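# Mind folding the following:
(chains A, B and C)
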Amino acid sequence: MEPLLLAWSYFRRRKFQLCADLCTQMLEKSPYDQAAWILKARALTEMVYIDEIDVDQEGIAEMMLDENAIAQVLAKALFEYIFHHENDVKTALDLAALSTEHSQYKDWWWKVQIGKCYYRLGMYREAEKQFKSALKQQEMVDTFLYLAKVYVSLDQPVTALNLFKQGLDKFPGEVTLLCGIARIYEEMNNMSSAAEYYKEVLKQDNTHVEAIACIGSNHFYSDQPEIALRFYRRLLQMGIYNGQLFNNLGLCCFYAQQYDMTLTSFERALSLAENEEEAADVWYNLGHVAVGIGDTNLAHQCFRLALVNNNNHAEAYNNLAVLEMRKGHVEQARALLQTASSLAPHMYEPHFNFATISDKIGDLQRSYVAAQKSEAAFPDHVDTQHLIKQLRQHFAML
Amino acid sequence: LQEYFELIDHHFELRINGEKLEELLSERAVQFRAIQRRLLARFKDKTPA
Amino acid sequence: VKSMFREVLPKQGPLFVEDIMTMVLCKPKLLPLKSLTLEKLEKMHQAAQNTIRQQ
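Numbering: from 1, shown residues only, chains lettered A, B, ... in the order given. Now the structure:
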């Protein structure tokens, strides 16, 4: 029959919305057809289907979004599957447990799926005993991304290492394993041993997008702003065309001293920006350009427009009120750093900068608790340790 | 101003009793969130729970 | 006699003689590139507002 074939042939070329209506057009022709019932099911599944976490691949982060280069460096089986886009985990778990007792082996898929249901809720240990048994029978790449996903959320960075060197020698040269191992090294900031693995996901597989930025960002910091451009002009030629990339392409050409593409790339980045909170960050990076040419009147209204397009931009409140202290507005500056700190209770830069305004005045009590948090949020700073010992001589005696 | 000073006190003591009935509910809500997390760590459809 | 072109540069610079305690700025940030799941999940959720804007 031509309707049943055209329904199945629409699923093969994944014309999904043209498939579900034509399949349910066959639904009233029968009391129950098992083939159309699962096809109406499975074409409705793949409309939206995401598996992993929001894995948004940064280039400039260490802890709670901090910057860098001033710190350092049967047929019911798919009927089960309709519950997994609806995320009703417990209801699916009954017929999952019903069917695995119906056939109590030869189903590693049902073994790893029930463990995925347990991780979807929060049953950590019950998942951790579940799909380990499936790995002892079957060699599958996603199961290594299942054992070594729950263990990192269980916070054991050495138990992630053994799986990422076990399956790497049964699936040699595999790509997404070699990206999973260099992603936990950036969590502990082990970039001595992270960026060698990201030189392997670029050795073979020379177009993986999320390991092109995370090398082309770790060269823009630590003073290779020309090599970091080469990783970003190549990422343009794949043809992704975001607004975030014309920001990063604008910054690398300026610091590499290439003054042609340095600023047209920002005007294309001001346009085609999605949210109103997003065009703030392109105005903010434009401010660091404007400090570089020396124009402060220009620079004063670049952070301001970043601030009126988005309040609670904590990196701009600090950055605007260094330009104020250059002019003389002390009480104006000391309130912006006062509210830059309360928006970012990390990120040492307002805390230390409070304790060189409030030290020149003479208030050595608030200028201690200021330069207290500029030690706890970033130790091994130089000019904090030349300031606490400057204050602790005043506190003992004359 | 003397009779005014009586009303500012028992309002403030009612604020003090307002500051006394609040901390007992919070830790028992911390007890209430701990018992939910004890449930969801345990609530599953098999034997040992 | 072709050209002089002698513009003698000083060959010396203003060396520092002490450090000064100064105020430093926040450093410029490179924006992250969102993944193809985050690009899909935002696009789906952005259309989820317009279908509830009419209903």
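# Please tell me how far residue A:25 sits from chain C.
24 Å (Cβ to the nearest Cβ, to the nearest Å). Every C-beta, even on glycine, is put in place using the N, C-alpha and C of the backbone.
# my bad, should have said residue A:121
The value you get for residue A:121 to chain C, if Cβ to the nearest Cβ is used, is 20 Å.
# What of residue A:317?
For residue A:317 relative to chain C (Cβ to the nearest Cβ), the value is 9 Å.
# and the closest residue to that residue other than its chain neighbours, how many residues sit next to it?
What sits nearest to residue A:317 in space, not counting adjacent residues and going by Cβ to Cβ, 6 or more residues apart in numbering or on different chains, is residue A:340, at 3.7 Å. Under the neighbour criterion other Cβ atoms under 10 Å in any protein chain shown, residue A:340 is assigned a count of 26.
# In contact with residue A:340, which residues?
A:314-315, A:317-318, A:321, A:350 (Cβ atoms under 8 Å, 6 or more residues apart in numbering or on different chains).
# can you redo the residues you listed as TSV with secondary structure and neighbour count?
Converted to TSV, these look like this (DSSP: H, G, I helix; E, B strand; the rest coil; neighbours: other Cβ atoms under 10 Å in any protein chain shown):
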residue	secondary structure	neighbour count
A:314	helix	20
A:315	helix	25
A:317	helix	24
A:318	helix	28
A:321	helix	25
A:350	helix	28
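# Dump these into JSON lines; add distance to residue A:215 as well.
Output for the contacts of residue A:340, formatted as JSON lines (distance: Cβ to Cβ, whole Å):
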{"residue": "A:314", "distance to residue A:215": "28"}
{"residue": "A:315", "distance to residue A:215": "24"}
{"residue": "A:317", "distance to residue A:215": "32"}
{"residue": "A:318", "distance to residue A:215": "29"}
{"residue": "A:321", "distance to residue A:215": "35"}
{"residue": "A:350", "distance to residue A:215": "31"}
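# and of these, the nearest to chain C?
residue A:315 (4.4 Å; Cβ to the nearest Cβ).
# who touches that closest one in this structure?
A:67, A:284, A:340, A:344, A:347, C:26, C:29.
# which secondary structure element contains the residue nearest to residue A:317?
Using DSSP states H and E, residue A:340 sits within helix A:330-341.
# tell me which residues in that helix are buried?
A:333-334, A:336-337, A:340-341 (16 or more other Cβ atoms under 10 Å in any protein chain shown).
# Indicate whether the longest helix seen in chain B makes contact with chain A.
Of all segments of type helix in chain B, defined using DSSP state H, the longest is helix B:23-42. Yes: with Cβ under 8 Å from any Cβ of the partner chain as the measure, helix B:23-42 is seen reaching chain A through B:40-41.
# would CSV of the contacts of residue A:315 with secondary structure be doable?
As requested, these are exported to CSV (DSSP: H, G, I helix; E, B strand; the rest coil):
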residue, secondary structure
A:67, coil
A:284, helix
A:340, helix
A:344, coil
A:347, coil
C:26, coil
C:29, coil
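# Redo the buried residues of helix A:330-341 as a markdown table? Include distance to residue C:33.
Listed next are the buried residues of helix A:330-341 as a markdown table, based on distance: Cβ to Cβ, whole Å:
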| residue | distance to residue C:33 |
| --- | --- |
| A:333 | 35 |
| A:334 | 37 |
| A:336 | 31 |
| A:337 | 32 |
| A:340 | 27 |
| A:341 | 30 |
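# If we only consider these, which is nearest to chain B?
The closest of the buried residues of helix A:330-341 to chain B turns out to be residue A:341 (Cβ to the nearest Cβ; 26.8 Å).
# Kindly report the residues of the stretch 1-150 of chain A close to chain B.
Checking the stretch 1-150 of chain A against chain B by Cβ under 8 Å from any Cβ, the hits are A:90, A:93-94, A:97, A:118, A:121-123, A:126.
# Tell me the spacing between the closest residue to chain C within chain B and residue A:115.
Distance from chain C to each residue of chain B (Cβ to the nearest Cβ) is smallest for residue B:40, at 25.1 Å. From residue B:40 across to residue A:115, the span is 17 Å (Cβ to Cβ, to the nearest Å).
# More neighbours: which of these two?
When neighbours are counted by other Cβ under 10 Å, residue B:40 and residue A:115 differ, and residue A:115 comes out ahead with 24 against 11.
# What helix or strand is the more buried one located in?
helix A:108-121.
# Show the secondary-structure elements that that helix is packed against.
Other elements packing on helix A:108-121 under the criterion 3 or more Cβ pairs under 8 Å, 6 or more residues apart in numbering or on different chains; DSSP states H and E are helix A:89-102, helix A:124-128, helix A:130-135, helix A:141-153.
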